[PDB]
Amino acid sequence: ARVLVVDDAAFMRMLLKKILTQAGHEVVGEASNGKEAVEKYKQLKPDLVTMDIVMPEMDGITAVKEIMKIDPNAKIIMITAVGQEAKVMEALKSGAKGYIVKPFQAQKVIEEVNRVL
């Protein structure tokens, strides 16, 4: 009777939580995506999961492409950590204008925002 509700739409989570709780079940957790669903399953060990078969599955690169398609003047800065450089490379190829590296130093972040503008 302990249920993990997974859905990218907050209102869908709510609607399902309503129906479950109204049937005497306890929603012990919620997730907006795949990774979070799996993490929350470990931590909560629920009896039941409800999961939308559509989950956000758009990466940073293709979201750059979609935004550039909409507005070719879009100014995008990627947030990256060490190890993701191949993907950042391709984001920049696809129209992104810059990037900043985690962990942030506030000065370097604004140097880069300013540079882009």
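Start at 1 with the first residue shown and count on from there.
Mean C-alpha B-factor is higher over 18 to 26 than over the other stretch, the pair under comparison being 92 to 100 and 18 to 26. The PDB entry gives the largest Cα B-factor of the residues 53, 49, 76, 44 to 44. The deposited CA B-factor of residue 5 belongs to the lowest third of values across its chain. When all modelled residues of the chain are sorted by CA temperature factor, residue 71 is found within the middle third. Among the modelled residues of its chain, residue 59 has a C-alpha B-factor that falls in the lowest third, as given in the PDB entry. In this PDB entry, residue 36 carries a Cα temperature factor that places it within the lowest third of its chain's modelled residues.
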